[PDB]
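Listed next as structure tokens is one chain, alone, in the form solved without the named molecule.
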């Protein structure tokens, strides 16, 4: 399976470069100056015509249209990808507008598309606007802190299994879920300021944990419900979807070690679906996803 990490804009090119220091990287920008600082092997300047003689003040809309203009070139850089990771990293600029369009393009190619947001936002507004557009355009949105960025590439295969699970849940509409946001690590986010992006009903929150070695099942399950969002939400949650995936060394009894951690954290009357996959391509790592819904 081919994975592609796409960095869009000032922040995204800076995101890609830190990650570069088994994944193809692609750097997209309306600003060709920034494109020369990229160590990406494949770089794409978008909106050459639209941006001629432009100066400061470049907004999201410029970048959105710019990406539509260079659509074919974006398609040729994504050709053959099974999964795609798109980020516009920190900061503003044109990437905020372009990154959704890039995501939308890869989806119509049929790649599983994941939006990575590291830029702080709150909804209780320019950054926040960008987050909403990304979320309409991707299969799954994951919010993660910037200092934890390297995890999405360091544990890309476990996190691959997590986003497939999220894409499956969101399309089947399991337990009525119609809208889903994923979280990794300690995020500065509050339910209040996320409930606005998400649906009036059927919204869900997914935590992820990946771990290996001694006590791995329990530490993954712990990591999964550790971020503020999950910690608060899983308590009142009416439904919980739990999944642990591992390779041949995982046994049902180890899996159950994780399921117990989560079940102790959800309240007593929860409707909890617990799944366990043994998947050889995982080797020695395990991934725990905990999906909460029904707030």
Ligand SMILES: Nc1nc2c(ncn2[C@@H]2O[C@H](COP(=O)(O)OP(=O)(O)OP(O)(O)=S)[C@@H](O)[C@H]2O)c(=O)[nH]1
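Numbering follows the first chain given and starts at 1.
Participant: Please classify the unmodelled stretch of the deposited sequence between residue 21 and residue 22: none, 1 to 3, 4 to 9, or 10 or more residues.
Facilitator: Missing residues, residue 21 to residue 22: 4 to 9.
Participant: Per the entry, how many residues of the deposited chain go unmodelled between residue 72 and residue 73: none, 1 to 3, 4 to 9, or 10 or more?
Facilitator: Per the deposited record, the segment joining residue 72 and residue 73 has no missing residues.
Participant: Read off the CA B-factors in the entry, average them over 31-39 and over 60-68, and name the higher stretch.
Facilitator: Going by the record's values, the stretch with the higher mean is 31-39.
Participant: According to the deposited model, is the average Cα temperature factor higher in 125-133 or in 156-164?
Facilitator: Going by the record's values, the stretch with the higher mean is 125-133.
Participant: Just the C-alpha B-factor column, please: which of 87, 113, 196, 178 has the biggest number?
Facilitator: Highest C-alpha B-factor among the listed options: 196.
Participant: Lowest, middle or highest third: where is residue 223 by Cα B-factor in its chain?
Facilitator: It belongs to the middle third of the chain when residues are ordered by C-alpha B-factor.
Participant: Which third, lowest, middle or highest, does the C-alpha temperature factor of residue 209 belong to within its own chain?
Facilitator: Its C-alpha B-factor belongs to the lowest third of this chain's values.
Participant: Rank-wise, by C-alpha B-factor, drop residue 80 into the lowest, middle or highest third of its chain.
Facilitator: For residue 80, the deposited C-alpha B-factor lands in the highest third.
Participant: How does the C-alpha B factor of residue 13 compare with the rest of the chain: lowest, middle or highest third?
Facilitator: Residue 13: CA B-factor falls in the middle third of its chain.
Participant: Classify residue 148 as lowest, middle or highest third according to the C-alpha B-factor given in the PDB entry, relative to its own chain.
Facilitator: For residue 148, whose C-alpha B-factor we compare with every modelled residue in the chain, the answer is the highest third.
FYI, the form solved in complex with the named molecule isn't displayed, but the following is about it.
Participant: For the ligand-free chain shown, place the named molecule by superposition of the C-alphas around its site using the coordinates in the bound PDB entry, and mark the site blocked if 3 or more ligand atoms sit within 2.4 Å of backbone or C-beta atoms, otherwise open.
Facilitator: Transferred pose: blocked.
Participant: Just give me the single entry in 58, 235, 35, 50 that has a non-hydrogen atom within 4.5 angstroms of the named molecule in the bound PDB entry.
Facilitator: Here the answer is residue option 58.
Participant: Considering non-hydrogen atoms and a 4.5 Å limit, does the named molecule approach residue 94 in the bound PDB entry?
Facilitator: Yes.
Participant: When the contact criterion is heavy atoms within 4.5 Å, does residue 202 count as touching the named molecule in the bound PDB entry?
Facilitator: The answer is no: residue 202 has no heavy atom within 4.5 Å of the named molecule.
Participant: Within a 4.5 Å heavy atom cut-off, is residue 89 in contact with the named molecule in the bound PDB entry?
Facilitator: Contact check for residue 89: yes, within 4.5 Å of the named molecule in the bound PDB entry.
Participant: Check whether residue 73 has any heavy atom within 4.5 Å of a heavy atom of the named molecule in the bound PDB entry, and answer yes or no.
Facilitator: So residue 73 does not count as contacting the named molecule.
Participant: Whether 11, 14 and 146 jointly form a contact site for the named molecule in the bound PDB entry is the question; each needs a heavy atom within 4.5 Å.
Facilitator: Yes: each residue has a heavy atom within 4.5 Å of the partner.
Participant: Please pick out the stretch from 35-43, 65-73, 259-267, 50-58 that is in contact with the named molecule in the bound PDB entry, where contact means heavy atoms within 4.5 Å.
Facilitator: Flagged stretch: 50-58.
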